[PDB]
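> Structural data only, the sequence is not supplied:
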RNA sequence: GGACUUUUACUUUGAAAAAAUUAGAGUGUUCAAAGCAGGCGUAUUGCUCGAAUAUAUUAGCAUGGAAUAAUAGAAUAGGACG
RNA sequence: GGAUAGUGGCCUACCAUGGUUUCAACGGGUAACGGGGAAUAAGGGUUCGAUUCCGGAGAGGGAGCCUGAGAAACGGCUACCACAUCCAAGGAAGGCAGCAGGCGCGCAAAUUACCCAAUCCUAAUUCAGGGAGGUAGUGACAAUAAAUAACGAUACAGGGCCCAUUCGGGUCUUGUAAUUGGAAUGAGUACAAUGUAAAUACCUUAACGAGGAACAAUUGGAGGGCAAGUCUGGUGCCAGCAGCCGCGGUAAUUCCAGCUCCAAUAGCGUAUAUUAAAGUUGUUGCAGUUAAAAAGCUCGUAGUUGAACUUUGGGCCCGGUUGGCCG
């Protein structure tokens, strides 16, 4: 079997110069998994439709719960 | 948007469809060498036919023309390295001669037989294709491999498989299982 | 030197003449006028589908003496009508009228084939399935 | 010429030909082996030379 | 640097010239279509071959040719050089 | 002069009468984007290029324009034309010839999946983003390699061949065998490790996986061109065949079938087109008395073409490149 190998001059230098997926393969990095790609995108595209923090809009649509 | 992964074909195909004589000869080559396709012949006769072409075109050139020299001699050394062109006849007039048989006879198919190991070109086939025999420690399972002259000294058996040690194989051990389970405990 | 101008500058006259006489080549003419599209029941396409009007029994030419089973077909793409033979033994048993069939040429560029007059096409498939598989037994003609 | 003939008889002969089923027979070797059998047939053992040669004769 | 030069076609060599594609050299993708790799040791702290060449015509530039084939000239000498 | 970033009838004003054309203008046609190219192999050619690179053009049709270094931008705005969505009838919205996916059209073409790990691009920028781009799915488009079996024994038969006065079978194998024999292998299944962003296959590799019920090759053809029956049964100018010549009307070498055989072979048939064959487009290279074709005749412009003759002959040098006989 033939492949390739690296060996860093530190452990900090390895944890800083390495691809993160490798660190995941080894035992040095959690897989902080997140919302799906299109899930994320869709969340951003929801986010775009709002100007400001949003709380004023939430309370103004809470004003709707009467009229 | 990427690059074209180029390709080409390796066989031509006879102009006349049913010329009984050529069918005879083609058949003879097939049965003699243990080929499954007429294609396996066509292929060769196409490869060769390109060589010859390249040959003719050079022959028309002036003697000691840079291209005739460099490329002609390159082709010559190439046809020697494998085992098709003899060291005797070695100045591209024999490459204008030549024939398919010389190519045919140089296959791993043919070599793993012609000096033992087979007793038949078919046993040669069946052996090769079944992960037996190697050149280096490099196993090869292609009937049309072409044994490259100086590799002729290395057509032994495989480090694995029977006939070259390592393990009998699932069938033999299945029979050993039947003996050990019947005749004993 | 028989007609043709042999001079060194008479290129013009020569290729001009070549065009002129190219026009007497039947398939040059037809490829250039546009006939493949203009005329022809198919639009210049290789195949064409179409619905079955009625079932015909076309008496063959001489010196043969039979009845050639065919159908009249209206091509979907272009509404043109055209009569198509139904190959093999039976197969006129496989159609039924108002059915949606698949026609191909007869391999003569127009030109009716054998003893069948004016039929330049044939049936290849019916109802979605191949007529061949039907004639054997591989497949069976769909619902309706 | 006449166009509306009779379709009453289409598929006649096939439909009235006695069905004989296929005869179960020895397996024929698929591949290089068929070419083998073919070689040893045509150019090894030789059947006959009735004047010339016959690739498929019946009774004679 | 100053002063003037009849115009052409043909042919040669050259420059200017993307790649991929083709023709084609090298390398055993196990073979092969391909890819442009790879090959070697001290295989515990390197060593190293490459990644060629060819065609790329018509027109434009540049250069050598002076056959072939055109073109211009001194007859109301309003000619040639000084 | 104006206008432009600037050259210019680009536009305006004044003024003139010019500009192109049988060496084919102008107009029409194109199922016409252009090129690198592709298919076809004696050569000369013929045919084709919407399509992985380059250039141009467009974003349903047209115009207009804001912003800006750069747009006449459309995943920007404005108006009109066509289309069309939501409504509380007051109004408000959309532009897949991006990625998928749907309808329609048809002879004709795949997933509403995963990722920024590579290749690269952009931003205030090492991080953020990228349906660019990569990943797999579906995929007999085209292309490569090439499993479906290999080897003994044995039952009579042989051709070999020494001997033949004559049984014969005898050990060199030809193999046709309706009992056999143990060997062999991946197709698949599947620890493991490898692969990968994560996966899936592949190259690896434990346990498995071949005897005919199999892990079982197909597509056409067997009158000729054209490789392969003058077999049996069926039909009887019917049904059917047949690219073409032709077969079929009671012994069918072409139909429907069984047998046997051929050809190509994980592929084979077909329909359309195209190239070769085609010296049947003929520059190379056709043909025109009678087969297709010399205009009734002469003039004659454009066009093609067009006799001969002008430094030939002798002498000397210089230095190259092969090759010979020697080395």
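Sure thing, it's come through. Residues are numbered from 1 along each chain as shown, chains lettered A, B, ... in the order given.
> Spatially central residue for chain A, please.
Nearest to the mean C-alpha position of chain A, counting by C-alpha atoms, centre = their mean, stands residue A:34 at 5.5 Å.
> Can you name the residue of chain C nearest chain B?
residue C:107 (18.0 Å; C-beta to the nearest C-beta). Using the backbone N, CA and C atoms, a C-beta is placed for each residue, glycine as well.
> Show the contacting residues for that residue.
residue C:113 (C-beta atoms under 8 Å, 6 or more residues apart in numbering or on different chains).
> okay, now residue 14: neighbour count?
Just going to use chain A. Residues lying near residue A:14 (other C-beta atoms under 10 Å in any protein chain shown) number 16.
> actually chain D
When neighbours are defined as other C-beta under 10 Å, residue D:14 has 13 of them.
> part of a helix, is it?
Yes. Looking at residue D:14 with DSSP: H, G, I helix; E, B strand; the rest coil, it is inside a helix.
> who's in contact with it?
Residues in contact with residue D:14 (C-beta under 8 Å, 6+ apart) are C:89, C:90.
> So which elements touch the top helix by length along chain D?
If you go by DSSP state H, chain D has its longest helix at helix D:32-40. The contact analysis (3 or more C-beta pairs under 8 Å, 6 or more residues apart in numbering or on different chains; DSSP states H and E) places helix D:32-40 against helix B:20-33, helix B:121-128.
> now, of those, which is deepest in the fold?
Mean neighbour count, computed with mean count of other C-beta atoms under 10 Å in any protein chain shown, is highest for helix B:121-128 among those, reaching a mean of 20.
> What's the first helix or strand after it?
Sequence order places helix B:170-182 as the next helix or strand after helix B:121-128, per DSSP states H and E.
> next one: that next one to chain centre, how far?
Centroid separation for helix B:170-182 versus its chain: 38 Å, with C-alpha atoms, centre = their mean, to the nearest Å.
> is that helix anywhere near RNA strand F?
Yes. With C-beta under 7 Å from any atom of the strand as the criterion, RNA strand F is reached by helix B:170-182 at B:170, B:171, B:172, B:173, B:174, B:175, B:177.
> Residue 30: what's it in contact with?
Went with chain A since none was named. Going by C-beta under 8 Å, 6+ apart, the list of residues near residue A:30 reads residue A:24.
> try chain C instead
Applying C-beta under 8 Å, 6+ apart, the residues contacting residue C:30 are residue C:36.
> Could you rerun that using 6 Å?
By C-beta atoms under 6 Å, 6 or more residues apart in numbering or on different chains, the contact set of residue C:30 is empty.
> Show me which positions of stretch B:135-142 end up buried.
By 16 or more other C-beta atoms under 10 Å in any protein chain shown, the buried positions in stretch B:135-142 come out as B:135, B:139, B:140.
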